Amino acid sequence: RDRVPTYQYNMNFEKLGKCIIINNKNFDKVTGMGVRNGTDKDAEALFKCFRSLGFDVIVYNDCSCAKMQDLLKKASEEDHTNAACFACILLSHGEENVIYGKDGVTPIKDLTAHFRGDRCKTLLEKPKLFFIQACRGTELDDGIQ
């Protein structure tokens, strides 16, 4: 449509921003979770795609919960001053409000909290995008029509 004055995020920075992809395919036997066949295909399609948009993308594979927390926390402590935004894509097993690491479960809220305005001042007023591909329960949609 019409790109009206400043109703749009300023995209005039040195770079578009960092894009972190967490590709969790294999999980510890104890978690009861199985292999997520087809996830590498998503990780490849996604990485190419976000690189095309101008993002500096990084792909992480089979991360533990501690690793995801740490990896995201260090990403929030970087200097994003010259970045237009930040993106994070999580590909894994999930249940309501939680996402699976290879060794267990961690709250999605805790992962994204690292980037709140009071905890990541260099991404203040900048869009923080999270694309999440994980189940959120067991209920299946039967449809209609």
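Throughout, we count residues from 1 along the sequence that is shown.
Between 117-125 and 20-28, the higher mean Cα B-factor belongs to 117-125.
The deposited CA B-factor of residue 51 belongs to the lowest third of values across its chain. Compared with the other modelled residues of the chain, the Cα B-factor recorded for residue 109 ranks in the middle third. Placement of the Cα temperature factor of residue 36 within the chain: lowest third of the modelled residues, per the deposited record.
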